[PDB]
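Have a look at the structure below before the remarks.
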Amino acid sequence: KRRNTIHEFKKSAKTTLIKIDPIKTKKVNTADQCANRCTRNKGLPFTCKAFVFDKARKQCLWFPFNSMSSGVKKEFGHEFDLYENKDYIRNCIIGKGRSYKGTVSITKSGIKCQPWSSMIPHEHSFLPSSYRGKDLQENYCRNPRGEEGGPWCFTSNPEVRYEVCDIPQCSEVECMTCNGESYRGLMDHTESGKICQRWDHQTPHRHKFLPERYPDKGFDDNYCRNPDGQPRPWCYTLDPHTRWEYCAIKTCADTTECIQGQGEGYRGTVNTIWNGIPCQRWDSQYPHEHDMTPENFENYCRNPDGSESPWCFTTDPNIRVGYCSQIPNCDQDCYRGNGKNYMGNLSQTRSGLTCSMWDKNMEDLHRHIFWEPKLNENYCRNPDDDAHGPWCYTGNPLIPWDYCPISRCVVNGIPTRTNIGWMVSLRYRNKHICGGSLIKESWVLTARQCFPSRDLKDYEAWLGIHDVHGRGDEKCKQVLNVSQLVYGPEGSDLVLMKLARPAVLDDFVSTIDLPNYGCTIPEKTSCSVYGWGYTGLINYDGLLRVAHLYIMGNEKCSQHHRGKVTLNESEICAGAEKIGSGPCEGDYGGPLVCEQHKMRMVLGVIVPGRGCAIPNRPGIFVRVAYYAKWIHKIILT
Amino acid sequence: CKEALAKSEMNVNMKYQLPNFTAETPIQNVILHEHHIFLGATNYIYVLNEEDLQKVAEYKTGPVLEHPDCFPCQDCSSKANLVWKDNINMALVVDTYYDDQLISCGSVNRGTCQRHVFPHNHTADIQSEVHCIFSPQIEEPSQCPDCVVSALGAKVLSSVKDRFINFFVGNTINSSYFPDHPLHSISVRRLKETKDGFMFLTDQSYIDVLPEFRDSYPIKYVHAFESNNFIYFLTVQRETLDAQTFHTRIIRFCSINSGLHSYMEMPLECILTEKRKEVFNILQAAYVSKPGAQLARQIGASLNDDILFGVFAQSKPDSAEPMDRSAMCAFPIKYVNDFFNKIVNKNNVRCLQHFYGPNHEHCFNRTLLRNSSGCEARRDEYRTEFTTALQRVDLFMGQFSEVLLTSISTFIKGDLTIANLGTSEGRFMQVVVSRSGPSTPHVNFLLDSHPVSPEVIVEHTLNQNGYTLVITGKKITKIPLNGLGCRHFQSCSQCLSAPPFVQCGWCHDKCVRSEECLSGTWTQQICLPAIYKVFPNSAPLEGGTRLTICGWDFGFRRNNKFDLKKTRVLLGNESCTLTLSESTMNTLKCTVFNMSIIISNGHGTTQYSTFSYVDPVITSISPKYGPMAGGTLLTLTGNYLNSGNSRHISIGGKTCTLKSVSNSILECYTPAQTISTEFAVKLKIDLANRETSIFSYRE
């Protein structure tokens, strides 16, 4: 007929075997058919101890040797899969042990077995030729007839002809725990002696458990498992008629108030549901019988099945299951901008790093700043009363301090006549993206919204150019790699760049001075913005383009927005001269510079928002003075 | 009797005329903005009045002529050759961050979208401005940026992050159409300030299935929303590359302008488990909202803790369609977030199947810092696929397990919450939600043959003026959430089961609002028992026989339950027997001169004056002679022979087969006896022993 026997094989994943001193390959779609061929008597002239298949190869190859055979090399081959004969691995007895291949050649009496090839001193040794595929080895004792006694061999001792070898059963080593799911052993035989089908298979049972879908539970070939929390493991029967059967295993040898998890490992003497109705004991099936029994694993609210909440059957007959949902499970500032007002129990930073050793922190802070002469080590509380919120020193050599995250309450472009070195062209993917402002010999600032990537090996800085790629002045353009970028405080949306190597200053290139921290701007104060970005022209020659800007307060902006934006002190509003002109795409991070009397100085940073220069609509920029002290603190690095 | 009193329950069908509007073509999406509701329908777009329910204006993206050389918005009017296809709007959104704008999207035009503006003086014109978001990617024509809408499946979420408009789109696409136009299953399109195109910020800004499986592994996105700076997607797919089954999942990722950094998927199942199990695989509709206060206790949350409600239907065996069997299941955001972050251990986590591939180096030896990292954006991100699913139980306990729910919306009223269920047939209902027990539908009427669209809009201003907009087939309807009427209630129990916000009260004959009683006897606290029928109406003070009492409102009125112990039945001074096993709030059984019967439930009492005190009597039989074989009809006569249930007429212990029983004449055929002599006949009315005239045998 046409049968299947791979259910008696083992299986390993992503492995293959190579014998250095040796076996044929055929194109077969089904590896199961190959395993059946290997078991099927006479199918292979050699003694097929193992089989190997690759789905990509679709190639089928049998090995007349086991992984235990000497001189074999295991290779971790993803496409190749191994199928071992478990009989050689069984090393125990199932039933009569008909197909026993154990490498045992001794009797209970301790006399060496008579070899099955030599008929001395006893001549009933024609069996090596009588029974094909029964694997009676040179001297190891088998059960050629499947006789009830077990593996018996002839003794070289003359007086006794044959004696049954004492070889243990398989139930001897496989013990059992009450939960059952923890157990993962070698039994693949049901309680009635049936064999568990392959959990990888879908025949003859189209069950639910899929080993790759449900790993971590030992969904191996046929070894019994307890997926549904039964008192014992069970498996689907290889018989199509029998749905499933239990596995016979002997047993092994040798609480709080807060809720951890969903109550699985939790035990609780509380057994009152949110309705206040108590629950009955596990022995008392009243009112309606409950399947669970103490033998499977009081009148308490436990979780035998591991539901979301522990459940106990209500004394009310109508409600089968009641969940004690009142159980508790084990699981920031406002108007105080100064962190001294709140004792922040937080050892973390905004970047997520832990803090540093507060002794060296106090030492370095006092040495660096002597503002005033307390708090606890390694916590969100700060001594400096920083307006941007509480912070904490960090152990990172690159950055020694970071804020701790606690909540607390150019369109119509006119080209520039000359070149200005305050601009920095953000070069990523070998092209301009955004504008940056140069503060120090090794410091630039721009908007956070100009960094698609968080790495640095792709970005690039180009400086000292009047055109988009310096098409005019190749003699003085300079290129510099980025060494570090730092995100600004919460909601700031500003980033600071220190380059791989500071650029020596020159007439063209310029570093820019910073605003007075407490300064305020008069209304209608005209200033300038510079950009390479989108201007709406038919052809952008890439030349630097300048525009003039004028200050307006919260009001005129708000009515121009018709209440769209509620302005904040973090923000500065300034609009054009009733003409259509302003920053657009490609100009993000651009600087707005103004002078007290003569020395011009940056007041704003171009930030993306609310369209490109709608006529008679002011634009919004950052308050550089809103962070100037914070920049002065960070410049310590 | 039970069916004879079918007038007990609420009349499931009674027609209402609601504010409604009919469409010429099927409608796909709906948008509400400033008392104007925009309806994208097959090839068309409409604007509808909030109160007037009148079409202010409309515009046609009519039958589409397609040419293989023709681009989505290049002029092709002069083309005299070709397909004649039809665009349908899967992606419709209103944006107000920049300007009052409508972004519509057609199915056929390479999935390209259009933009429309509103003047301030007239905030309803849409034909005034038409704008294709079609930017020619001269830089990299390998990827089409503005090619967004997949014709097979689309789910679009628009948001404002970092002062940019971001579109998280999940697109279901077949492998066949990929070479024609490159698309990505999940992508984030960020709007240019010029409003003329989109840029893919980076390569890791999009995630899509490997090309080989783009024919298998069907992933259909059904919902998306935002919470706690996370974008969640509810979508269906196979259990595994091999399972061929189907189950829905939640997808979370961190909304950074760059792209999806922390990408997590987790499988969701809702199961009906009983003492000593049905699993719903396919999500049908979803809606996130704030919870009811009683539900806040019942699930352990605050009045602001956002909860997601999902309609789950069991999938066909190895198929994505349901068996018309649906349930509703609730999921707090806090619990799912915690399950994503902390509850799941390390080794259960796996690599993405469709993205990573099993035979690739990442999920070979890469792990997670789950307990020490949340939403952190690291450049070498690790896409994770949890194998541990989250199970929840139907709060209706399968009250709709026999029917399919096509859509769902939610709202709250005081302490309680009401869900606006939509039935597969199109039977819109409103039901109060509670873990206490199954809830009677205070409205259940059938709307249309077509199924209710998953597109549903809710609104409740001031917690007084409330209404929902529901699409079905080619008609949209505005149904107020303030109820419709109390008259449909046909029992005191049903009338009182109504929510307080609808003024329902039994006016001694039927449920009605307080002001509408002419008799002024409006009541909302007691249920007087009502008798429908009594079987039979005649029994002696000692004679006892089965007595069936059909009626309504017999049980004591309790909040949810209706007890029978708080009831007595009396025959005047004498008390009629109570058989609580066969006695319900609906039917009762008793086994005991005209007399009345007084039934006093837990609230009231009612008298029934039809019972009478009689006793069957016998006058004569016919004939008196009969052969040995018997088989002779006895025209037995008498009075009260039709009182009581049953009669045993037998001779010599052998039953005289009863053919007809009336009040005046009885008929039975004698059996074959054993002797031939003069014998009498015995009659039984189960207690009234009666002898009759003797009947003589012959032979």
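Letters A, B, ... mark the chains of the structure tokens in the order given; residue numbers begin at 1 per chain; ligand numbers begin at 1, in order shown.
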
If we count only C-alpha atoms, which residues of chain A reach to within 10 Å of chain B? Please list them as number ranges by chain. A: 14, 78-79, 202, 208-210, 212-216, 260-262, 274-275, 288-292, 307-308, 313, 319-321, 325-328, 331, 351-353, 448-455, 491, 493, 534, 536, 561, 564-565, 584-585, 607-613

Residues within 12 Å of residue 495 (chain B), please, as a ChimeraX atom specification. Count only C-alpha atoms; anything in the same chain fewer than 3 positions from it doesn't count. /B:8-10,440-442,485-492,498-500,502-513,522-527,553,557

Shell around residue 279 (chain B) at 9 Å using only C-alpha atoms, local window under 2 positions removed, as a PyMOL selection string: chain B and resi 269-273+277+281+312-315

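Between CA of residue 18 (chain A) and CA of residue 59 (chain A) the interatomic distance comes to 15.4 Å.
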
List every residue of region 242-293 of chain B that DSSP, applied to the backbone of this structure, assigns to strand (DSSP E or B), and report them as JSON, numbers by chain. {"B": [247, 248, 249, 250, 251, 252, 253, 254, 255, 260, 264, 265, 266, 267, 268, 269, 270, 271, 272, 278, 279, 280, 282, 283, 284, 285, 286, 287, 288, 289]}

Only N, CA and C atoms, please: the residues just picked out, written as a CSV table (one decimal), in the first residue's frame.
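Result file is again11.csv:
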chain,number,residue,atom,x,y,z
B,247,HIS,N,-6.5,36.4,11.3
B,247,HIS,CA,-6.6,37.0,12.6
B,247,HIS,C,-6.2,38.4,12.5
B,248,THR,N,-6.8,39.3,13.3
B,248,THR,CA,-6.5,40.7,13.3
B,248,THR,C,-5.4,41.1,14.3
B,249,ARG,N,-4.8,42.2,14.1
B,249,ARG,CA,-3.6,42.7,14.8
B,249,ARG,C,-3.7,44.2,15.0
B,250,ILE,N,-3.0,44.6,16.1
B,250,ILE,CA,-2.8,46.0,16.3
B,250,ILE,C,-1.3,46.3,16.0
B,251,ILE,N,-1.1,47.4,15.3
B,251,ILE,CA,0.2,47.9,14.9
B,251,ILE,C,0.5,49.3,15.6
B,252,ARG,N,1.6,49.4,16.3
B,252,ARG,CA,2.0,50.7,16.8
B,252,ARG,C,3.4,51.0,16.3
B,253,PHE,N,3.6,52.3,16.1
B,253,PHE,CA,4.9,52.9,15.7
B,253,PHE,C,4.9,54.3,16.2
B,254,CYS,N,6.2,54.8,16.3
B,254,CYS,CA,6.4,56.1,16.9
B,254,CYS,C,6.4,57.2,15.8
B,255,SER,N,5.6,58.2,16.0
B,255,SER,CA,5.3,59.2,14.9
B,255,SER,C,6.4,60.3,14.9
B,260,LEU,N,8.9,55.2,10.6
B,260,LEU,CA,8.5,54.3,11.6
B,260,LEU,C,9.7,53.7,12.3
B,264,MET,N,5.7,47.7,16.2
B,264,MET,CA,5.3,46.5,16.9
B,264,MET,C,3.9,46.1,16.4
B,265,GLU,N,3.7,44.8,16.3
B,265,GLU,CA,2.4,44.2,16.0
B,265,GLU,C,2.1,43.2,17.1
B,266,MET,N,0.8,43.1,17.5
B,266,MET,CA,0.3,42.2,18.5
B,266,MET,C,-1.1,41.7,18.1
B,267,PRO,N,-1.3,40.4,18.2
B,267,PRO,CA,-2.5,39.8,17.8
B,267,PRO,C,-3.6,39.8,18.8
B,268,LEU,N,-4.8,40.0,18.3
B,268,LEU,CA,-6.0,40.3,19.2
B,268,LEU,C,-7.1,39.3,18.9
B,269,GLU,N,-7.6,38.7,20.0
B,269,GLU,CA,-8.6,37.7,19.9
B,269,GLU,C,-9.7,38.0,21.0
B,270,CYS,N,-10.9,37.8,20.6
B,270,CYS,CA,-12.1,37.9,21.5
B,270,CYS,C,-12.9,36.6,21.5
B,271,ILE,N,-13.1,36.1,22.7
B,271,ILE,CA,-13.5,34.7,22.9
B,271,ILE,C,-14.7,34.7,23.8
B,272,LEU,N,-15.7,33.8,23.5
B,272,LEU,CA,-16.8,33.5,24.4
B,272,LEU,C,-16.5,32.3,25.2
B,278,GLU,N,-15.8,29.8,21.6
B,278,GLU,CA,-15.9,30.5,20.2
B,278,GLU,C,-14.9,31.6,20.2
B,279,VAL,N,-14.1,31.7,19.2
B,279,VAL,CA,-13.1,32.7,19.0
B,279,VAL,C,-13.4,33.5,17.7
B,280,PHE,N,-13.5,34.8,17.8
B,280,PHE,CA,-13.8,35.7,16.7
B,280,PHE,C,-12.5,36.2,16.1
B,282,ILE,N,-12.1,37.8,12.7
B,282,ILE,CA,-12.1,39.0,11.8
B,282,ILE,C,-12.7,40.2,12.5
B,283,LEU,N,-12.0,41.3,12.6
B,283,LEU,CA,-12.5,42.5,13.0
B,283,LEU,C,-13.4,43.1,11.9
B,284,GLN,N,-14.5,43.7,12.3
B,284,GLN,CA,-15.4,44.3,11.3
B,284,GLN,C,-15.5,45.8,11.3
B,285,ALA,N,-15.5,46.4,12.5
B,285,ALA,CA,-15.4,47.8,12.6
B,285,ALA,C,-14.8,48.1,14.0
B,286,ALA,N,-14.3,49.4,14.1
B,286,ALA,CA,-13.7,49.8,15.4
B,286,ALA,C,-13.9,51.2,15.6
B,287,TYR,N,-13.9,51.6,16.9
B,287,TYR,CA,-14.1,53.0,17.3
B,287,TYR,C,-13.5,53.2,18.7
B,288,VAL,N,-12.7,54.2,18.9
B,288,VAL,CA,-12.1,54.6,20.1
B,288,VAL,C,-12.8,55.8,20.7
B,289,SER,N,-13.1,55.8,22.0
B,289,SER,CA,-13.8,56.9,22.6
B,289,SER,C,-13.6,56.8,24.1

Secondary structure check, alpha helix (DSSP H) residues of region 434-557 of chain B, as a VMD selection string: chain B and resid 492 to 496

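One finds CA of residue 238 (chain B) at 15.9 Å from CA of residue 207 (chain A).
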
Residue 579 (chain A): which residues within 8 Å, counting only C-alpha atoms, same-chain residues fewer than 3 positions away excluded, as a list in words?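 Result of the neighbour search: residues 576, 615 and 616 of chain A.
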
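CA of residue 220 (chain A) sits 27.1 Å away from CA of residue 44 (chain A).
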
Top pick for closest residue to residue 563 (chain B), considering B:36, B:603, B:475, B:223 and counting only C-alpha atoms: B:603

Find the spatial neighbours of residue 696 (chain B), counting only C-alpha atoms, within a cut-off of 8 Å - ignore same-chain residues fewer than 5 positions away - and output them as a VMD selection string. chain B and resid 624 to 626 676 to 679

Store the residues picked out above in a file with N, CA, C and O atoms, as a JSON list (two decimals), in the first residue's frame.
[["chain", "number", "residue", "atom", "x", "y", "z"],
["B", 624, "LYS", "N", -76.81, 0.52, 24.39],
["B", 624, "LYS", "CA", -76.63, -0.31, 25.56],
["B", 624, "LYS", "C", -76.13, -1.71, 25.23],
["B", 624, "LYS", "O", -75.69, -2.42, 26.14],
["B", 625, "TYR", "N", -76.20, -2.13, 23.97],
["B", 625, "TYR", "CA", -75.80, -3.46, 23.55],
["B", 625, "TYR", "C", -74.67, -3.37, 22.54],
["B", 625, "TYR", "O", -74.63, -2.46, 21.70],
["B", 626, "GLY", "N", -73.74, -4.33, 22.63],
["B", 626, "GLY", "CA", -72.61, -4.37, 21.74],
["B", 626, "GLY", "C", -72.03, -5.77, 21.63],
["B", 626, "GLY", "O", -72.11, -6.58, 22.56],
["B", 676, "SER", "N", -68.58, -11.32, 28.20],
["B", 676, "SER", "CA", -69.79, -10.72, 27.63],
["B", 676, "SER", "C", -70.87, -10.70, 28.71],
["B", 676, "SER", "O", -71.55, -11.71, 28.94],
["B", 677, "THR", "N", -71.03, -9.56, 29.37],
["B", 677, "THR", "CA", -72.04, -9.41, 30.42],
["B", 677, "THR", "C", -72.34, -7.92, 30.59],
["B", 677, "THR", "O", -71.98, -7.10, 29.74],
["B", 678, "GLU", "N", -73.01, -7.58, 31.69],
["B", 678, "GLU", "CA", -73.45, -6.22, 31.96],
["B", 678, "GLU", "C", -72.42, -5.48, 32.80],
["B", 678, "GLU", "O", -72.20, -5.81, 33.96],
["B", 679, "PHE", "N", -71.80, -4.46, 32.20],
["B", 679, "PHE", "CA", -70.75, -3.69, 32.85],
["B", 679, "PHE", "C", -71.05, -2.20, 32.74],
["B", 679, "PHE", "O", -71.73, -1.77, 31.80]]

Residues near residue 22 (chain B), anyone? I mean within 10 Å using only C-alpha atoms, not counting same-chain ones fewer than 6 positions away, as a PyMOL selection string. chain B and resi 55+471-477

Which residues are close to region 108-121 of chain A, i.e. within 12 Å by only C-alpha atoms, leaving aside same-chain residues fewer than 4 positions away? Reply as a VMD selection string. chain A and resid 103 to 104 125 to 130 135 to 142 144 151 to 168
